[PDB]
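First, one chain by itself in structure tokens, the form deposited in one PDB entry.
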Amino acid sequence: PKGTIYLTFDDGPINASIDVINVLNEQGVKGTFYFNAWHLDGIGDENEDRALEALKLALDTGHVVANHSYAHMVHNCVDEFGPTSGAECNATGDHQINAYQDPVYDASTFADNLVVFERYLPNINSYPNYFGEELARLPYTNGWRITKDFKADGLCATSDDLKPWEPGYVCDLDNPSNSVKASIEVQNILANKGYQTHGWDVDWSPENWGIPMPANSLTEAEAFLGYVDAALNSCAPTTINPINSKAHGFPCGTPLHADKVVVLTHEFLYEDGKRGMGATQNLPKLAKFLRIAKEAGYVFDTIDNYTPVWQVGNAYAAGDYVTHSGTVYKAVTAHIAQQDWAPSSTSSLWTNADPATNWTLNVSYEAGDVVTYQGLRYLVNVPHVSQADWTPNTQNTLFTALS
């Protein structure tokens, strides 16, 4: 396989999501959808009266539904959050300014997202492709929480005042904005709740936001496959433009990211409406891109298999990462998965490698790691594989309590 493309769509479910899903379905391709449930409540400032229909269609035709937070952090964009906030925030266009403030509350709007989904679609948890509890992406932020050793944050993703193009904008990578620092704590809170978060390698976006109908300038299918080619094995999350889209500290050649390209785009770019002739002009771009990427040797997959799901009969090499019932695991030795050797919290074949920082069972801890346990932070003094008898509060020799 030339490579595996993960085509992902943010900010639905809206009416245009239906057209996008139909094109994906026609071309035999599954997408990952990072949804904001406030479109179900009718307050997202889009064409969204068919949002519930769109949510159902994504579930019924096998796409992966993931968590993009209830209201896309726009409660942080305006004074008081209400039915008109999406409209108000679209009028100033200040989505990235003070986007993250109280990280505990901001992180909890990902939990609110799931409560709303389950109120509108009570059986949503009977769908195997519903990953609202396991997969998230932060609004505006090319930040990653994949494994204990695969993480990245965009340190310029949001600002305390100026936008990246406004004169006087500065991004000090080792003194980032308060909004960025808050978004980092949000990533960490979500990982401690079991989430993986995925950023993106390339953004399928209007290449001229200036003109009256910016959607029309969405990169042509052929040119965009050129960008996907360039993103392959080139650590594109750190080289992407503009500056607020970079992921900093990305572990460039890490094996879990090899031969993979995560594409970010938005259904609202494939709609005929306020942003231009998106449907009649960009929907054909999407269909053609799907066909020519397949023709070139690419394969399309969904973010739930980005970290391959463990399966009986598969072969693993020492160091391969899998995901098993939502938990990330690293292989201790080369082997062929047999049904009794599933990863677990006491398996000697697999260790837990969740990107979480709370003390966890069966983690291969290194000296210098820091874990959180019963509200306290502990430094790991001595490398060890954690186990239930070795909790930090008692193992005064393996761990040292901090602050």
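In this text, residue numbers run from 1 along the sequence as written. For clarity, a rigid core is taken as the largest C-alpha set superposing within 1.5 Å between two forms.
> Look up the CA B-factors in the entry and say which stretch, 271 to 279 or 248 to 256, has the higher mean.
Comparing averages over the C-alpha atoms only gives 271 to 279.
> So, looking at the entry's B-factor column for Cα atoms, which has the higher mean, 339 to 347 or 43 to 51?
The deposited B-factors put 43 to 51 ahead on the C-alpha mean.
> Which of these has the highest Cα B-factor in the record: 149, 112, 102, 161?
In this record, 161 carries the highest C-alpha B-factor of the candidates.
> Among 233, 183, 323, 192, which residue carries the highest C-alpha B-factor recorded in the PDB entry?
Among 233, 183, 323, 192, the PDB entry lists the largest C-alpha B-factor for 233.
> Looking at the C-alpha B-factor of residue 328, is it in the lowest, middle or highest third of its chain?
Its C-alpha B-factor, which the entry lists for residue 328, ranks in the lowest third among residues of this chain.
> Split into thirds by Cα B-factor across the chain's modelled residues, where does residue 16 land: lowest, middle or highest?
Its C-alpha B-factor belongs to the highest third of this chain's values.
> By the record's CA B-factor, is residue 205 among the lowest, middle or highest third of residues in the chain?
Its C-alpha B-factor, which the entry lists for residue 205, ranks in the highest third among residues of this chain.
> Using only modelled residues of the chain, where does the Cα B factor of residue 135 rank: lowest third, middle third or highest third?
Its C-alpha B-factor belongs to the lowest third of this chain's values.
> Grab the CA temperature factor for residue 385 from the record and place it in the lowest, middle or highest third of its chain.
It belongs to the lowest third of the chain when residues are ordered by C-alpha B-factor.
Keep in mind the form deposited in another entry is missing from the figure; the text below concerns it.
> Considering only 214, 103, 176, 251, which residue exhibits a C-alpha shift of no less than 2 Å between this form and the one not shown, with the rigid core used for superposition?
The one that shifts is 214.
> I want to check residue 80: does it shift between this form and the one not shown by 2 Å or more at the Cα, with the core superposed?
The answer is no, as the C-alpha of residue 80 shifts between this form and the one not shown by less than 2 Å after core alignment.
> Would you say residue 122 moves between this form and the one not shown, meaning its CA shifts by 2 Å or more once the core is fitted?
Moves: no, less than 2 Å.
> Under a superposition restricted to the rigid core, does residue 166 display a Cα displacement of 2 angstroms or more between this form and the one not shown?
It does, since the residue 166 C-alpha is displaced 2 Å or more between this form and the one not shown after the core fit.
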